[PDB]
Amino acid sequence: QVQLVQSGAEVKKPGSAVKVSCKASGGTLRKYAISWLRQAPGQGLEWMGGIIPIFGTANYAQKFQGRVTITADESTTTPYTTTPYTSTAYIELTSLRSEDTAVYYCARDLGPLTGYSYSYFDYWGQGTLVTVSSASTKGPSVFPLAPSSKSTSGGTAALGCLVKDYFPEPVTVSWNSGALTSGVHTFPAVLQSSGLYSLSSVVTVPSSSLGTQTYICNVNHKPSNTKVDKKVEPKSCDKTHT
Amino acid sequence: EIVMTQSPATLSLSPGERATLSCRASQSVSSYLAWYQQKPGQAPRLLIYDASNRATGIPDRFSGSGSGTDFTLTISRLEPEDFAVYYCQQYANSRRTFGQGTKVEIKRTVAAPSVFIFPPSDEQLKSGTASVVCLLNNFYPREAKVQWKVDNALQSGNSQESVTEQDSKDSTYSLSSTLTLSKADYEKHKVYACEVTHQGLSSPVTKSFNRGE
Amino acid sequence: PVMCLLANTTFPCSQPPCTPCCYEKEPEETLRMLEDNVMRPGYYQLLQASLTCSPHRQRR
Amino acid sequence: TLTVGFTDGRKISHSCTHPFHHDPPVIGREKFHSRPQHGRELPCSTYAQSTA
């Protein structure tokens, strides 16, 4: 059946511009619109507009018509009613601003053939994340957490580790150097000032399992080629390494 | 303008129960209304293409109904893969409006969070900084509360928050906050704690620590 | 660049003297300008500066 | 004859009818009435769909 594929997910400086690119394939019909939507990084789901690629005609939501240009690769070949067809579509987001940070979807739209009418959106693209800040590419700060002056005993026990100061979100974080994945937990993301990322990672166990194994945490960050493998032992006053 | 609304912001149900998601619009849209599903982190999926009419590849559990201002999606025998976000959308007007989005979540018995708090390690402090981190962990419902004690006084305008989503095995949930300081204020303040509250707790299960001990 | 005439004022067609939003402010000034420009190799650029793609409500 | 028309939100409808001799020139050597699902290709011209 039909699919939409849309290429690249990005971060760019405020006042610069992007052109999120879509390709549509495998449908039986020849007159659909390709229509653009955004999902806000908190909550909400916004109508932007669409194009009908056989005509190159475009129209917009009244809250976007100043900022963005929707456009397409033109035309269609045939009246044959069963042979292949494909289309490509774009949103030119000029002059990026902080709140333009979102996931953008293309979707196949039947408005030009449900008679001529407004419509639901029938098939959706991969969803491409776009982000806006004046910050720069960097590797993480990678600090361990540890025990401090407390009974350090009874019920649930844990040690944990922290990651911060990295740019773009794809850190890969894991425990035990590729072992014992049960009882692992993460607080996947939050944004620190100017848009640098932070993550908290833990393993949680019964009381007697705290002082009794090599706890090792693994951190890697593809956008900076950074790698860190290290232990998470007591470090408050009872300075410990084994 | 057409305002679109969904009745619960989130609702929780057992697998094999019947869901009854319900929508209201400002003045009649009169059909021309869709519903969608969104698996976490995935693109949306269409459920119904008009108020009474089911989409392609929808496995009979689902139905639509509605008229004028009032609309609903019913799910019969809600499966462990049907736990997702759900949206209405009108297409009766040139502003094509999606509803606010309703999560459906796996019902459970109440459980209280076990508690943790942690210090800065030496590398933060050699870098001129300190951060104090807490957990309210492995609990239900998703509805605990946190704030920060420093020299036993409340201060929290520095702080961040984050959560771990529902355990796919267990529905259980987790919450964290971080307090943060420059090295000079970390040396000033002598004791730190995270205050604790939950729907299943009568009083804080507070834990505390002293600076550099 | 290409140059055109308003009345007493000659201007660059990339930044005509009315800018921004000429037809949103002043349709009749746009008429009075365009009446003598119907015959210049910058006509479409002046259309693109005065009323097509140039006007907006959202900050660009 | 050629006629074009529409309808108001008011349900009132309008039309305009001209005299007009519509008869397409023949392409090739056969005066066929609808495109065939087998045949050959010949060059012609068309008002293309682009609104550019």
# chains A, B, ... in the order shown; residues from 1 in each chain; ligands from 1
>>> residues_around(residues="residue 202 of chain A", least_positions_apart="2", cutoff="12 Å", atoms="only C-alpha atoms", output="compact mmCIF listing (two decimals) with N, CA, C and O atoms, in the first residue's frame")
# COMPACT_ATOMS: atom_id res chain seq x y z
N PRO A 144 29.29 10.36 37.68
CA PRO A 144 28.62 9.34 38.49
C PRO A 144 27.83 9.99 39.65
O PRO A 144 28.22 11.05 40.15
N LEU A 145 26.77 9.34 40.12
CA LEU A 145 26.20 9.55 41.46
C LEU A 145 26.75 8.46 42.40
O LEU A 145 27.35 7.48 41.94
N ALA A 146 26.58 8.62 43.71
CA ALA A 146 27.11 7.69 44.70
C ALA A 146 26.39 7.79 46.07
O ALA A 146 25.73 8.79 46.34
N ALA A 157 18.02 -0.49 46.92
CA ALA A 157 19.30 0.19 46.81
C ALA A 157 19.65 0.49 45.34
O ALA A 157 19.24 -0.23 44.44
N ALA A 158 20.38 1.59 45.10
CA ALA A 158 20.79 2.08 43.78
C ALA A 158 21.97 3.06 43.92
O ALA A 158 22.20 3.59 45.01
N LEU A 159 22.71 3.32 42.83
CA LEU A 159 23.84 4.26 42.82
C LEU A 159 23.62 5.40 41.81
O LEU A 159 23.51 6.56 42.19
N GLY A 160 23.46 5.04 40.54
CA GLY A 160 23.09 5.94 39.44
C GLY A 160 24.24 6.75 38.83
O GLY A 160 25.35 6.82 39.34
N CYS A 161 23.94 7.39 37.70
CA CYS A 161 24.84 8.30 36.99
C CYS A 161 24.05 9.36 36.19
O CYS A 161 22.86 9.22 35.92
N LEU A 162 24.74 10.44 35.85
CA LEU A 162 24.20 11.66 35.24
C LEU A 162 24.94 11.96 33.94
O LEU A 162 26.16 11.79 33.85
N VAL A 163 24.22 12.47 32.95
CA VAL A 163 24.79 12.97 31.70
C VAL A 163 24.23 14.36 31.42
O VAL A 163 23.02 14.58 31.59
N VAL A 173 23.17 5.12 26.13
CA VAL A 173 23.54 4.84 27.52
C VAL A 173 23.06 3.46 27.94
O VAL A 173 21.93 3.08 27.64
N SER A 174 23.92 2.72 28.63
CA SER A 174 23.66 1.33 29.04
C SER A 174 24.50 0.96 30.28
O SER A 174 25.34 1.73 30.73
N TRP A 175 24.24 -0.22 30.85
CA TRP A 175 24.87 -0.71 32.07
C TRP A 175 25.57 -2.05 31.85
O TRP A 175 25.23 -2.83 30.95
N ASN A 176 26.55 -2.33 32.71
CA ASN A 176 27.24 -3.62 32.81
C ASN A 176 28.00 -4.02 31.52
O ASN A 176 28.32 -5.19 31.33
N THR A 181 20.17 -6.53 31.73
CA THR A 181 19.33 -5.38 31.33
C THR A 181 18.04 -5.22 32.15
O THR A 181 17.37 -4.19 32.05
N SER A 182 17.68 -6.20 32.98
CA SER A 182 16.59 -6.07 33.96
C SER A 182 16.99 -5.17 35.13
O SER A 182 18.14 -5.14 35.57
N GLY A 183 16.03 -4.38 35.64
CA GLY A 183 16.26 -3.38 36.69
C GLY A 183 16.97 -2.08 36.24
O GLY A 183 17.17 -1.19 37.06
N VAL A 184 17.33 -1.96 34.95
CA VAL A 184 17.79 -0.70 34.34
C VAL A 184 16.61 0.27 34.19
O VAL A 184 15.53 -0.14 33.75
N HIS A 185 16.82 1.55 34.49
CA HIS A 185 15.85 2.63 34.26
C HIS A 185 16.56 3.92 33.82
O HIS A 185 17.69 4.19 34.23
N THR A 186 15.87 4.74 33.04
CA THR A 186 16.38 6.04 32.56
C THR A 186 15.30 7.11 32.57
O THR A 186 14.11 6.85 32.38
N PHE A 187 15.74 8.34 32.79
CA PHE A 187 14.95 9.56 32.65
C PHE A 187 15.45 10.23 31.36
O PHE A 187 16.48 10.90 31.40
N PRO A 188 14.81 9.95 30.22
CA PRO A 188 15.46 9.97 28.91
C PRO A 188 16.02 11.32 28.48
O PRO A 188 17.13 11.38 27.95
N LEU A 199 20.30 13.75 30.96
CA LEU A 199 19.78 12.39 31.15
C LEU A 199 20.25 11.85 32.51
O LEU A 199 21.42 12.00 32.84
N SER A 200 19.38 11.16 33.24
CA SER A 200 19.74 10.39 34.44
C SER A 200 19.51 8.90 34.21
O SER A 200 18.48 8.50 33.68
N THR A 204 18.49 -0.54 39.90
CA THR A 204 17.91 -0.67 41.26
C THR A 204 17.78 -2.13 41.67
O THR A 204 17.36 -2.98 40.87
N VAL A 205 18.14 -2.44 42.92
CA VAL A 205 18.37 -3.80 43.43
C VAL A 205 17.92 -3.97 44.90
O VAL A 205 17.72 -2.97 45.59
N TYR A 215 29.48 -2.46 39.45
CA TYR A 215 28.59 -1.53 38.77
C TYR A 215 29.39 -0.65 37.80
O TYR A 215 30.22 0.15 38.21
N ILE A 216 29.12 -0.78 36.50
CA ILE A 216 29.76 -0.01 35.43
C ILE A 216 28.68 0.58 34.51
O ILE A 216 27.77 -0.13 34.08
N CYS A 217 28.80 1.86 34.19
CA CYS A 217 27.90 2.58 33.29
C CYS A 217 28.65 2.97 32.02
O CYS A 217 29.82 3.35 32.05
N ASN A 218 27.96 2.84 30.90
CA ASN A 218 28.47 3.02 29.55
C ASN A 218 27.77 4.22 28.91
O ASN A 218 26.54 4.25 28.84
N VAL A 232 30.83 3.39 39.60
CA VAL A 232 29.93 4.31 40.32
C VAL A 232 29.95 4.11 41.85
O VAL A 232 28.95 4.26 42.54
N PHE B 116 14.90 7.92 47.07
CA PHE B 116 16.35 8.12 47.04
C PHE B 116 16.72 9.60 46.92
O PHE B 116 16.00 10.39 46.31
N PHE B 118 20.80 11.78 46.22
CA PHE B 118 22.21 11.60 45.88
C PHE B 118 22.99 12.94 45.82
O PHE B 118 22.43 13.96 45.42
N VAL B 133 20.32 15.14 43.29
CA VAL B 133 19.40 14.36 42.45
C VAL B 133 18.55 13.43 43.31
O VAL B 133 19.06 12.87 44.28
N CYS B 134 17.29 13.24 42.96
CA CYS B 134 16.36 12.40 43.72
C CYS B 134 15.54 11.45 42.84
O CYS B 134 15.40 11.67 41.63
N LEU B 135 14.99 10.40 43.45
CA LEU B 135 14.06 9.47 42.80
C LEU B 135 12.83 9.24 43.70
O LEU B 135 13.00 8.98 44.89
N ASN B 137 10.26 6.20 43.07
CA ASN B 137 10.50 5.13 42.10
C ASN B 137 9.49 3.97 42.16
O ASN B 137 9.00 3.63 43.23
N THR B 164 10.07 8.62 34.00
CA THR B 164 10.14 7.41 33.17
C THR B 164 8.71 6.96 32.93
O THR B 164 7.92 6.85 33.87
N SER B 174 7.82 6.17 37.38
CA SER B 174 8.95 6.73 38.14
C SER B 174 9.14 8.23 37.86
O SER B 174 8.88 8.70 36.76
N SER B 176 11.74 11.87 38.80
CA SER B 176 12.98 12.47 39.29
C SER B 176 13.00 14.00 39.18
O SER B 176 12.45 14.59 38.25
>>> interface_residues(of="chain C", to="chain A", cutoff="6 Å", atoms="only C-alpha atoms", output="list in words")
residues 56, 57, 58 and 60 of chain C
>>> write_last_selection(atoms="N, CA, C and O atoms", output="mmCIF file, in the first residue's frame")
data_model
loop_
_atom_site.group_PDB
_atom_site.id
_atom_site.type_symbol
_atom_site.label_atom_id
_atom_site.label_comp_id
_atom_site.auth_asym_id
_atom_site.auth_seq_id
_atom_site.Cartn_x
_atom_site.Cartn_y
_atom_site.Cartn_z
ATOM 1 N N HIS C 56 2.878 40.076 4.747
ATOM 2 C CA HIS C 56 2.757 39.008 5.750
ATOM 3 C C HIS C 56 2.094 39.509 7.050
ATOM 4 O O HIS C 56 2.069 40.713 7.321
ATOM 5 N N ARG C 57 1.567 38.577 7.861
ATOM 6 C CA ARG C 57 1.108 38.825 9.250
ATOM 7 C C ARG C 57 2.021 38.188 10.297
ATOM 8 O O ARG C 57 2.408 38.860 11.250
ATOM 9 N N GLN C 58 2.415 36.926 10.117
ATOM 10 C CA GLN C 58 3.475 36.321 10.931
ATOM 11 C C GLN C 58 4.823 36.973 10.612
ATOM 12 O O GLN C 58 5.185 37.071 9.440
ATOM 13 N N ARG C 60 8.574 37.031 9.757
ATOM 14 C CA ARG C 60 9.397 36.114 8.958
ATOM 15 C C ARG C 60 10.783 35.960 9.583
ATOM 16 O O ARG C 60 11.779 36.446 9.002
#
>>> residues_around(residues="segment 37-43 of chain B", least_positions_apart="5", cutoff="9 Å", atoms="only C-alpha atoms", output="mmCIF file with N, CA, C and O atoms, in the first residue's frame")
data_model
loop_
_atom_site.group_PDB
_atom_site.id
_atom_site.type_symbol
_atom_site.label_atom_id
_atom_site.label_comp_id
_atom_site.auth_asym_id
_atom_site.auth_seq_id
_atom_site.Cartn_x
_atom_site.Cartn_y
_atom_site.Cartn_z
ATOM 1 N N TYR A 105 5.375 16.275 10.048
ATOM 2 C CA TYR A 105 4.849 15.203 9.211
ATOM 3 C C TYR A 105 4.391 15.741 7.858
ATOM 4 O O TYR A 105 3.693 16.750 7.791
ATOM 5 N N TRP A 124 0.662 8.750 6.771
ATOM 6 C CA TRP A 124 1.560 9.729 7.395
ATOM 7 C C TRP A 124 3.028 9.353 7.191
ATOM 8 O O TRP A 124 3.366 8.174 7.118
ATOM 9 N N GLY A 125 3.909 10.344 7.098
ATOM 10 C CA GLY A 125 5.352 10.128 6.968
ATOM 11 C C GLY A 125 6.040 9.643 8.247
ATOM 12 O O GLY A 125 5.416 9.460 9.287
ATOM 13 N N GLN A 126 7.361 9.460 8.177
ATOM 14 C CA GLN A 126 8.178 9.011 9.316
ATOM 15 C C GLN A 126 8.169 9.969 10.520
ATOM 16 O O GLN A 126 8.474 9.542 11.629
ATOM 17 N N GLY A 127 7.828 11.247 10.319
ATOM 18 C CA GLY A 127 7.970 12.306 11.320
ATOM 19 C C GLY A 127 9.430 12.709 11.516
ATOM 20 O O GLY A 127 10.218 11.961 12.092
ATOM 21 N N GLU B 81 -1.679 -3.859 23.272
ATOM 22 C CA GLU B 81 -1.115 -3.004 22.215
ATOM 23 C C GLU B 81 -1.996 -1.785 21.849
ATOM 24 O O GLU B 81 -1.567 -0.939 21.061
ATOM 25 N N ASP B 82 -3.204 -1.656 22.410
ATOM 26 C CA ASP B 82 -4.100 -0.503 22.217
ATOM 27 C C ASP B 82 -3.815 0.668 23.178
ATOM 28 O O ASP B 82 -4.363 1.756 23.013
ATOM 29 N N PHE B 83 -2.957 0.479 24.181
ATOM 30 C CA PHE B 83 -2.524 1.553 25.074
ATOM 31 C C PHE B 83 -1.615 2.526 24.314
ATOM 32 O O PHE B 83 -0.497 2.193 23.921
ATOM 33 N N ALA B 84 -2.141 3.723 24.057
ATOM 34 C CA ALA B 84 -1.598 4.720 23.135
ATOM 35 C C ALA B 84 -2.226 6.101 23.415
ATOM 36 O O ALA B 84 -3.100 6.229 24.277
ATOM 37 N N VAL B 85 -1.798 7.141 22.692
ATOM 38 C CA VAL B 85 -2.538 8.415 22.616
ATOM 39 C C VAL B 85 -3.617 8.335 21.532
ATOM 40 O O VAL B 85 -3.400 7.709 20.498
ATOM 41 N N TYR B 86 -4.758 8.989 21.736
ATOM 42 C CA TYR B 86 -5.885 9.050 20.800
ATOM 43 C C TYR B 86 -6.352 10.487 20.556
ATOM 44 O O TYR B 86 -6.492 11.266 21.499
ATOM 45 N N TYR B 87 -6.667 10.833 19.309
ATOM 46 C CA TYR B 87 -7.071 12.188 18.906
ATOM 47 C C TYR B 87 -8.341 12.180 18.061
ATOM 48 O O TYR B 87 -8.441 11.383 17.135
#
>>> residues_around(residues="residue 20 of chain B", least_positions_apart="2", cutoff="9 Å", atoms="only C-alpha atoms", output="PyMOL selection string")
chain B and resi 18+22+72-76
>>> residues_around(residues="residue 126 of chain B", least_positions_apart="6", cutoff="12 Å", atoms="only C-alpha atoms", output="JSON, numbers by chain")
{"A": [143], "B": [120, 182, 183, 184]}
>>> residues_around(residues="residue 33 of chain D", least_positions_apart="5", cutoff="12 Å", atoms="only C-alpha atoms", output="list in words")
residues 23, 24, 25, 26 and 27 of chain D
>>> write_last_selection(atoms="C-alpha atoms", output="tab-separated table (two decimals), in the first residue's frame")
chain	number	residue	atom	x	y	z
D	23	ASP	CA	-14.75	19.49	-32.88
D	24	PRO	CA	-11.19	18.24	-32.14
D	25	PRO	CA	-8.83	17.91	-35.13
D	26	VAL	CA	-8.00	14.31	-36.10
D	27	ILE	CA	-4.69	12.91	-34.80
>>> select_by_dssp(residues="chain C", states="strand (DSSP E or B)", output="number ranges by chain")
C: 3-5, 10-12
>>> write_last_selection(atoms="N, CA, C and O atoms", output="PDB file, in the first residue's frame")
ATOM      1  N   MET C   3      16.036  49.441 -12.218  1.00  0.00           N
ATOM      2  CA  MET C   3      15.474  50.662 -11.622  1.00  0.00           C
ATOM      3  C   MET C   3      14.128  51.053 -12.246  1.00  0.00           C
ATOM      4  O   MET C   3      13.957  50.949 -13.462  1.00  0.00           O
ATOM      5  N   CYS C   4      13.200  51.564 -11.432  1.00  0.00           N
ATOM      6  CA  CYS C   4      11.882  52.054 -11.868  1.00  0.00           C
ATOM      7  C   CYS C   4      11.506  53.392 -11.200  1.00  0.00           C
ATOM      8  O   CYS C   4      12.149  53.826 -10.243  1.00  0.00           O
ATOM      9  N   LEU C   5      10.508  54.085 -11.759  1.00  0.00           N
ATOM     10  CA  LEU C   5      10.089  55.445 -11.389  1.00  0.00           C
ATOM     11  C   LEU C   5       8.699  55.462 -10.730  1.00  0.00           C
ATOM     12  O   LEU C   5       7.741  54.985 -11.332  1.00  0.00           O
ATOM     13  N   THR C  10      13.087  57.893  -8.408  1.00  0.00           N
ATOM     14  CA  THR C  10      13.604  56.640  -8.982  1.00  0.00           C
ATOM     15  C   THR C  10      14.123  55.705  -7.885  1.00  0.00           C
ATOM     16  O   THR C  10      14.714  56.173  -6.913  1.00  0.00           O
ATOM     17  N   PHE C  11      13.945  54.388  -8.031  1.00  0.00           N
ATOM     18  CA  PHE C  11      14.231  53.404  -6.977  1.00  0.00           C
ATOM     19  C   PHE C  11      14.748  52.048  -7.502  1.00  0.00           C
ATOM     20  O   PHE C  11      14.435  51.671  -8.636  1.00  0.00           O
ATOM     21  N   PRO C  12      15.485  51.274  -6.676  1.00  0.00           N
ATOM     22  CA  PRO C  12      15.835  49.885  -6.955  1.00  0.00           C
ATOM     23  C   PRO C  12      14.643  48.956  -6.717  1.00  0.00           C
ATOM     24  O   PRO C  12      14.004  48.990  -5.662  1.00  0.00           O
TER      25      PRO C  12
END
>>> atom_distance(atom1="atom CA of residue 39 of chain A", atom2="atom CA of residue 36 of chain B")
13.8 Å
>>> select_by_dssp(residues="chain B", states="helix (DSSP H, G or I)", output="PyMOL selection string")
chain B and resi 122-126+183-188
>>> write_last_selection(atoms="N, CA, C and O atoms", output="compact mmCIF listing (two decimals), in the first residue's frame")
# COMPACT_ATOMS: atom_id res chain seq x y z
N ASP B 122 32.93 14.47 42.88
CA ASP B 122 34.07 15.41 42.92
C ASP B 122 34.32 16.17 41.60
O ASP B 122 34.72 17.33 41.61
N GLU B 123 34.08 15.53 40.46
CA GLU B 123 34.31 16.14 39.14
C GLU B 123 33.41 17.36 38.87
O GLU B 123 33.85 18.33 38.25
N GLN B 124 32.18 17.37 39.39
CA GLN B 124 31.28 18.52 39.30
C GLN B 124 31.87 19.74 40.02
O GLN B 124 31.90 20.85 39.48
N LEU B 125 32.39 19.49 41.22
CA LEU B 125 32.90 20.49 42.16
C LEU B 125 34.27 21.03 41.71
O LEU B 125 34.48 22.24 41.75
N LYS B 126 35.15 20.18 41.18
CA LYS B 126 36.35 20.61 40.45
C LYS B 126 36.03 21.43 39.19
O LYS B 126 36.81 22.31 38.83
N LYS B 183 29.54 26.14 43.03
CA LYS B 183 30.35 25.58 44.13
C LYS B 183 30.28 26.40 45.43
O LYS B 183 30.17 25.84 46.51
N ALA B 184 30.29 27.73 45.33
CA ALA B 184 30.22 28.63 46.48
C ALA B 184 28.94 28.44 47.32
O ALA B 184 29.01 28.35 48.55
N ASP B 185 27.77 28.31 46.68
CA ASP B 185 26.50 28.07 47.39
C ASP B 185 26.37 26.62 47.88
O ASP B 185 25.75 26.37 48.91
N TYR B 186 27.01 25.65 47.21
CA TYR B 186 27.07 24.28 47.70
C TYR B 186 27.91 24.16 48.99
O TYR B 186 27.56 23.42 49.90
N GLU B 187 29.02 24.90 49.09
CA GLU B 187 29.82 24.96 50.33
C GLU B 187 29.09 25.68 51.48
O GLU B 187 29.23 25.29 52.64
N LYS B 188 28.28 26.71 51.17
CA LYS B 188 27.41 27.42 52.12
C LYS B 188 26.36 26.49 52.71
O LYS B 188 26.28 26.36 53.93
